[PDB]
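Just so you know, the protein sequences line up as chains A and A', in that order. A prime marks a further copy of an entry chain.
Letter by letter, the first sequence follows residues 0 to 13, 20 to 101, 104 to 134, 136 to 543, 546 to 571, 576 to 815 of PDB author numbering.
Letter by letter, the second sequence follows residues 0 to 13, 20 to 101, 104 to 134, 136 to 543, 546 to 571, 576 to 815 of PDB author numbering.
A virtual CB, placed ideally from N, CA and C, is assigned to each residue, including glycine.
Following: one structure in structure tokens, then a few remarks.
There are 2 protein chains.
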Amino acid sequence: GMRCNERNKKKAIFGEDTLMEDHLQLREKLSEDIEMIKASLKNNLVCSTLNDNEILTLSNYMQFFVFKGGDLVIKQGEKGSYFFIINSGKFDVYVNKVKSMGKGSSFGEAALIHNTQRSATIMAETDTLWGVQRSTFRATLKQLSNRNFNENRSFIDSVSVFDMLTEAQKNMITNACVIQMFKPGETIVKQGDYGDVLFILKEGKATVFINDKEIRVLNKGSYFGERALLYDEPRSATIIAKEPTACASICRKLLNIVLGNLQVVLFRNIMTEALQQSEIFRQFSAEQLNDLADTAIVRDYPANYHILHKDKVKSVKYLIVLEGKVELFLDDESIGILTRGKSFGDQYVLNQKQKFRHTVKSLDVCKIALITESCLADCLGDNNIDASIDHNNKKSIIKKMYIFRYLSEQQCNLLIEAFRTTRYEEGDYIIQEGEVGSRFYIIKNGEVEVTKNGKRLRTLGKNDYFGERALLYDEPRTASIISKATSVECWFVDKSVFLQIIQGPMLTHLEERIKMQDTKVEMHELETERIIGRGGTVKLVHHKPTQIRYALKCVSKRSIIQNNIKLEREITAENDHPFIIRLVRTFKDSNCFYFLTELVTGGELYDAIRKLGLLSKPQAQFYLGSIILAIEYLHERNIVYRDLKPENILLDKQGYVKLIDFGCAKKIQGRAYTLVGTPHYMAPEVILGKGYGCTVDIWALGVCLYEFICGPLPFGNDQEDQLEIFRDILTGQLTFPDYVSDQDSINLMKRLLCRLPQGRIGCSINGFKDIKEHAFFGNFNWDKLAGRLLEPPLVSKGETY
Amino acid sequence: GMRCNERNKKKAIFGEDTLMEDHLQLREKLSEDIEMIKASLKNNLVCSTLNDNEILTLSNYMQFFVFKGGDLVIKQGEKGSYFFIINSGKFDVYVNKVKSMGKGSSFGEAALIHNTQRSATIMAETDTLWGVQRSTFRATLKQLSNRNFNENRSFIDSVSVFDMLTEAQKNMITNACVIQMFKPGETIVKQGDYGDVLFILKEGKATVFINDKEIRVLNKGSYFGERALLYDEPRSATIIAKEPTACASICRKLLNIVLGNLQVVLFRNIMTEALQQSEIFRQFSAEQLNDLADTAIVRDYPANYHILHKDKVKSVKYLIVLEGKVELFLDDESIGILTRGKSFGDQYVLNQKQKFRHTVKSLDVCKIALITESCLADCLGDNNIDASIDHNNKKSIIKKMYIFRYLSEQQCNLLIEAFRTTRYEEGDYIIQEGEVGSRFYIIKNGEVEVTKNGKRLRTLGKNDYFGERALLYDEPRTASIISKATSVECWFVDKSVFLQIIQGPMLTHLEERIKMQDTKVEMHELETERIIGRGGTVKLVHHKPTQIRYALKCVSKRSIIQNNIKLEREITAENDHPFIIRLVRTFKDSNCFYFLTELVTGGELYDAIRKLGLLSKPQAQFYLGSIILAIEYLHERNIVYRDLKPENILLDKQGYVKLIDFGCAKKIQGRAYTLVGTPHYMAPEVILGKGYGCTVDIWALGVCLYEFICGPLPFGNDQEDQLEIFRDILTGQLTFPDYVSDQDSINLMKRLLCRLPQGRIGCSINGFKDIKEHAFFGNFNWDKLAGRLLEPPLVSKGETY
């Protein structure tokens with residue numbers, strides 16, 4: 000017998022949920038059971054706002070548990086996971104005896120939300137329970153809502169009137185779908201009624217009656233009413249349900265709340281897609297394009313018509329085909345045919361004064377959008393269009409750069425206006441490596457090469473830029489830039505001009521940030537100093555080569571109980591906003607993870623408000639406005655923060671804020687369901703378990719504002735119990751103290767603390783713009799905030815921790 | 000607004022199972038579905054041996070999953086948890104495409120056993137599945153079997169004929185219960201049939217017919233046939249089932265396999281309970297008492313009879329009342345009345361030659377057990393009863409001491425016979441602290457005090473012992489022992505006499521063990537040396555004060571993923591057997607757990623057998639015999655080892671074994687269900703999931719013996735796949751190579767590797783005695799093994815690792 004000798008070839012294999026399977030038993034649900042269940046659930050803080058289909062599904066997941074006398078169910082110490090509705094016998098309760108429960112009552116509702124440590128201890132006096141486990145319960149809620157969402161979404165996709173909505177806009181109105189049930193013989197819509205609702209058959213069938221005469225029958229997927237979302241019209245038919253039926257419905261009143269005017273939205277989308285085929289309008293902003301959409305002259309034309317001929321329509325600069333075909337001519341030569349969505353006019357858009365030489369002639373019946381000299385001027389803010397488009401093209405390039413992006417509008421404009429132009433010949437060194445630069449460049453025409461030590465590094469072309477560091481530092485150029493084309497033209501600005509425009513506090517912020525960011529740093533180059541945080547642990551460290559001081563968070567590797579650290583690091587590294595903590599580098603070893611970030615020395619906002627007391631309006635504008643810019647930045651990158659509270663915001667030494675703890679943040683993909691956050695700040699929709707997005711961060715804004723202005727928290731303020739906090743959030747009353755005298759503040763607080771997201775301000779199509787334009791922010795200059803041109807409420811004297 | 004300022008009062012909240026809930030959907034099970042399921046399950050390696058009630062319950066737990074075309078189900082990398090039976094459509098398979108499956112087939116059976124990494128990747132070509141998750145599946149199997157066990161147990165408890173069975177004996181026959189189903193109108197037993205089966209109604213009803221005439225009707229709990237387990241009798245009635253019924257049944261043939269002769273067993277239990285009321289027989293062994301039970305004269309007597317009178321029945325020494333009452337007299341004085349279970353005769357049992365002075369007279373009709381001079385002599389092994397009881401009382405005391413417990417029987421007897429007696433007066437120092445002792449003492453009569461530095465420590469009385477260390481060492485007495493009574497008498501033995509009896513290798517084993525055990529050791533007193541194991547890590551350490559070398563296992567605290579370490583430490587500390595590793599102390603700190611144990615220097619048995627090749631019979635007797643003593647010791651303490659294999663056994667420097675890895679060991683409370691172990695060694699019943707006990711260690715004995723004698727493993731020998739190993743274990747063929755020429759070896763191997771535990775040798779009432787008495791062990795002296803009086807197969811030259 001040969002034996003295997005590879006010694007390590009054979010490898011060995013190694020709460021309430023445990024005890025409750027002892028009592029589980031199959032049991033058919035009779036009507037008496039089902040109705041008691043529905044009765045119990047309709048009174049549960051989580052299920053009270055559910056329809057009958059939802060509550061029924063939940064019911065069929067309940068399980069039967071039988072007990073004999075003297076048996077235990079829950080215990081005062083153990084962590085809870087089950088929720089029970091009593092079905093027979095009596096059950097005694099014993100915190101630290105207290106009561107007795109029988110047929111109909113329920114207990115352990117807190118476990119339906121989180122792993123709450125039990126309080127009492129329920130035991131069976133007599134000798136059954138309907139029960140359900142948290143995981144099963146929340147998984148069921150997730151699946152119910154998620155499938156409802158996905159189904160309604162695809163039904164939205166099949167309704168032609170929504171075809172030109174963007175992805176984001178489609179998802180927003182999917183959330184507005186209401187489900188209506190129709191018993192057989194019920195009339196869904198009646199002929200001649202000026203209704204405003206679109207119906208989709210999700211399940212069932214219905215019959216169509218025109219003048220009391222059967223005209224056809226409708227099946228799942230059939231839909232009707234799409235014109236009633238755009239116009240005041242009478243129903244063309246009477247529709248009556250044969251079978252019980254399921255209808256996804258969208259109302260126009262809700263559409264207008266979620267989207268505004270559907271026709272206006274669809275046309276912006278269409279026009280924006282057309283305009284962006286042009287290299288010119290591709291430099292315009294979304295708002296600028298929307299404005300051009302809102303003012304374009306739309307005309308229908310017969311075939312063989314001269315829409316534009318030489319000097320005939322003198323004001324038109326650009327032409328977009330919406331439907332049909334037109335042919336372009338220069339004099340007698342056809343130069344092309346434009347179909348649906350294509351356009352013409354780049355030449356005339358750029359040169360306001362140039363006479364239209366071309367001819368446009370319809371080939372068939374068509375519909376045309378015309379952009380005139382006045383639309384352009386109105387879109388841009390003045391009559392000098394040529395100059396204003398050049399100005400705006402330069403604005404577009406620098407508004408993408410951190411350094412220029414957050415300057416006030418007047419500062420930005422002054423810089424654009426200071427730009428000079430110069431030209432180079434091929435092989436000219438625009439910049440020589442090693443020399444001390446004082447200029448910033450933007451390539452207007454041509455191409456250049458980036459080279460260091462003879463070795464090429466990159467090529468740069470039109471609208472590319474280089475050299476910006478010379479605006480902030482006195483230092484040698486690290487690379488040469490060489491004209492790699494005939495007649496390269498550059499726009500440029502001098503450091504001296506920049507320093508006349510940017511002011512001290514912004515300059516200081518940029519100076520310290522770029523340097524710190526780009527500096528290479530190694531662990532052994534780092535000298536620890538004093539400690540400034542225990543929990546992981548955070549030390550004030552000191553870069554030996556540069557003397558630049560940083561902060562270093564040390565996260566014990568033993569704390570890796576999980577996967578989210580890989581995800582937190584991803585998010586934390588990508589963040590590049592003035593009001594969000596800037597990560598420098600991440601280090602790792604045997605025992606500990608490391609985060610190297612900028613050092614923030616002004617303390618927590620949690621302490622600043624307790625030192626200020628109750629914030630005046632200007633002071634609450636400042637901090638809430640700051641938080642709003644940070645949160646808006648994250649949402650644009652589809653990141654939900656999920657743990658907004660004053661504790662998680664630091665003040666830098668100039669008194670501007672920095673958001674810092676990204677432990678609970680997440681890149682959202684559709685709806686999120688995980689229960690995460692700090693209870694006093696959590697949104698109703700997180701607790702209720704039917705899905706949420708980025709807009710939970712907006713609810714927390716409201717909580718914060720309320721603390722700023724009113725003082726205490728708005729819900730669960732003197733509550734310790736996690737469950738009682740959630741209950742006050744879900745159904746408690748929101749009130750304001752009598753010393754709050756600002757109606758606009760109260761309006762804003764009430765609208766940020768709106769429980770259904772669809773009614774929550776800042777949660778519809780305009781996003782944060784509805785918050786920024788609220789009358790609470792009336793006298794507030796959002797422009798000066800990001801640019802550090804405002805006096806902050808509180809500036810630290812020296813460092814604070 | 001006062002705000003809460005306690006900064007840390009608010010605290011934030013933080020595979021296949023995930024994707025499959027996307028596809029879950031409620032679905033009523035129609036007959037077509039249920040029958041396909043049952044069909045699929047009856048062909049599954051786990052469920053093939055289940056009855057219809059079991060398979061039905063499993064079926065109702067299956068869940069419906071719907072898929073559209075192109076959807077994924079399992080993926081080649083992911084860890085598996087689901088098992089699927091296809092219900093519609095076709096599903097493609099792709100390891101690293105390979106096949107296509109449709110209506111009826113199943114996949115993912117390996118996950119029904121363990122967290123097996125998937126291999127293929129099944130995806131839906133067309134556009136349903138019946139599915140079940142491992143946890144749910146095994147939880148269901150556990151509950152089915154556990155409730156069946158518990159119910160049958162309580163039915164056993166209600167059957168009067170089993171009343172006098174011990175706890176262990178009741179549980180053993182519960183496992184023998186067979187469930188039989190009876191359709192309405194079926195006859196369970198027919199009048200006049202010489203049946204041998206006991207029936208219990210677990211559920212249903214039945215009707216009793218005597219001479220074709222209805223005599224009564226039976227309900228759940230009613231039982232019949234208890235005399236048919238003890239005697240050849242005809243059924244008194246005909247019993248026919250009205251309703252479908254559930255019967256727990258016990259056959260006499262199985263009873264005899266599991267227990268032997270029920271009447272013999274019940275009477276041993278009864279007699280043992282009676283005899284142990286006497287201080288004399290309480291010193292006898294279980295076997296000695298059973299023998300007295302097997303030979304006692306049982307008699308029935310009329311009332312007013314003289315059972316014993318003076319010299320009338322000269323041979324009787326002891327009397328036990330089984331039923332009824334008798335009265336005791338000394339001459340004409342009544343001295344008491346004995347009822348059921350009480351007894352009389354201590355005086356005459358001790359003094360063989362003393363004439364019976366008493367009179368025993370029945371008060372009513374009674375049944376009496378009589379123990380005669382011949383039963384005593386036969387029980388003890390010779391005619392000199394007085395001496396033999398004294399000898400046996402001394403044997404009882406020292407057989408409880410490690411030092412004497414494992415000596416051969418002849419050695420033990422020689423020691424007992426060398427005992428001398430001495431007497432003390434009150435306040436005499438039997439032992440003076442500080443002096444060098446050479447004697448071992450057993451208190452025959454009286455009391456003594458243990459004192460150190462004047463301060464008393466303890467009192468010791470009859471049958472207590474002290475001083476045993478002076479037999480092994482030359483050292484000062486650490487305490488004084490003082491006669492704290494009038495005329496204390498002691499038995500004692502001299503070191504010189506002990507050293508003439510115990511031989512070198514045993515003496516060396518005891519010398520090294522007691523010293524090492526009792527030595528106090530601190531971490532800083534320990535000097536590391538060479539390393540001898542990587543994984546935790548094990549170092550050869552060196553006690554500075556004593557020069558005693560130990561082994562120190564260092565278990566990284568980061569490896570604490576759990577709770578079982580608290581349990582392993584408990585078990586490892588309690589173990590006190592020569593063939594099990596002896597723990598000294600446990601140490602702990604910030605980064606690591608510590609185990610300080612004896613050092614074992616002869617290497618693994620895994621390597622000894624590969625050096626010996628195929629073991630001769632004497633060599634396999636030696637090692638298997640050694641393992642058996644260790645395993646038997648653990649089972650007596652209700653510990654199941656669960657990971658027996660040659661890897662986990664070390665050889666000490668004398669070539670005797672030591673069991674070492676207690677990671678998988680567990681103190682059993684009823685049945686165990688957790689799947690734990692090394693696959694090639696795991697028992698069928700562990701895999702099948704319907705519960706197991708200590709007897710899985712006996713299956714592994716068989717695996718080991720097979721490797722010893724045959725060479726390769728008996729199942730899954732060249733298999734890598736965990737699933738294919740289990741399948742060969744569950745249903746593969748056991749064969750033996752043609753060069754195995756020992757029929758007794760094969761018989762033993764086949765009987766240790768019996769798949770149903772009830773047929774497995776060593777698994778019935780006699781326990782390991784059936785293995786020790788197997789003809790394979792015919793020429794083997796179990797006595798000399800534990801006492802180290804056998805030449806081992808292999809002795810190391812110097813240390814090995």
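Contact check, residue i vs residue j, beta carbons under 9 Å
i: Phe-782 of chain A'; j: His-649 of chain A'; result: yes
i: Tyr-473 of chain A'; j: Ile-451 of chain A'; result: yes
i: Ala-634 of chain A'; j: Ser-755 of chain A'; result: no
i: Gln-285 of chain A; j: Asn-400 of chain A; result: no
i: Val-205 of chain A; j: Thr-246 of chain A; result: no
i: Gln-141 of chain A; j: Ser-107 of chain A; result: no
i: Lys-110 of chain A; j: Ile-91 of chain A; result: yes
Top-ranked residue by Cα proximity to residue i, from the options
i: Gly-705 of chain A'; options: A':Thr-688, A':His-694 and A':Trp-713; result: A':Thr-688
i: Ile-595 of chain A; options: A:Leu-664, A:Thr-459, A:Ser-323 and A:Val-167; result: A:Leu-664
i: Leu-808 of chain A; options: A:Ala-622, A:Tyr-356 and A:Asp-735; result: A:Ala-622
i: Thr-745 of chain A'; options: A':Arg-769, A':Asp-165 and A':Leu-762; result: A':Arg-769
i: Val-186 of chain A'; options: A':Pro-192, A':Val-169, A':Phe-163 and A':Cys-374; result: A':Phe-163
i: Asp-22 of chain A; options: A:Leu-270, A:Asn-49 and A:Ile-79; result: A:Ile-79
i: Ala-236 of chain A'; options: A':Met-41, A':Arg-260, A':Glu-457 and A':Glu-341; result: A':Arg-260
i: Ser-342 of chain A'; options: A':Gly-349, A':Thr-367 and A':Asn-793; result: A':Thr-367
i: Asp-394 of chain A; options: A:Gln-419, A:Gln-362, A:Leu-378 and A:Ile-405; result: A:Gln-362
i: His-553 of chain A'; options: A':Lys-528, A':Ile-248 and A':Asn-577; result: A':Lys-528
Cβ shell of residue i (< 6 Å), same chain only, five flanking positions each side left out
i: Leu-267 of chain A; result: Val-273 and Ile-779
i: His-788 of chain A; result: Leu-762
i: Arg-290 of chain A; result: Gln-284
Counterpart residues of residue i in DSSP-defined beta bridges
i: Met-130 of chain A; result: A:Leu-77 and A:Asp-97
i: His-552 of chain A; result: A:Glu-535 and A:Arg-559
i: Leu-744 of chain A'; result: According to DSSP, which records beta bridges pairwise, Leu-744 of chain A' is partnered with nothing at all.
i: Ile-90 of chain A; result: A:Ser-113 and A:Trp-138
Other residues of its chain near residue i: CB distance less than 7 Å, five sequence neighbours each side excluded
i: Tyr-414 of chain A'; result: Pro-592, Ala-800 and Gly-801
Contact set for residue i: own chain, Cβ-Cβ below 8 Å, skip 5 residues either direction
i: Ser-810 of chain A'; result: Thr-615, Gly-616, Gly-617, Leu-665, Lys-667 and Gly-669
i: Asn-391 of chain A; result: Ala-385
Could you tell me which whole beta strand (DSSP E) segments of length 3 or greater appear in the segment 168-239 of chain A'? Fully enclosed beta strand (DSSP E) runs of 3 or longer: 186-190, 195-197, 205-218 and 221-227.
Note down, one range per segment and in chain order, each beta strand (DSSP E) of at least 3 residues found wholly within the segment 417-443 of chain A. Here the runs fully enclosed are 428-432 and 437-439.
Which runs of the beta strand (DSSP E), 3 residues or longer, sit entirely within the segment 334-415 of chain A'? Restricted to the segment 334-415 of chain A', the beta strand (DSSP E) segments that are unbroken, complete and at least 3 residues in length are 334-338, 341-346, 366-370 and 374-380, listed in chain order.
Counting only runs that start and end within the segment 274-314 of chain A', where is the beta strand (DSSP E) found for 3 or more residues in a row? The qualifying runs are 305-309.
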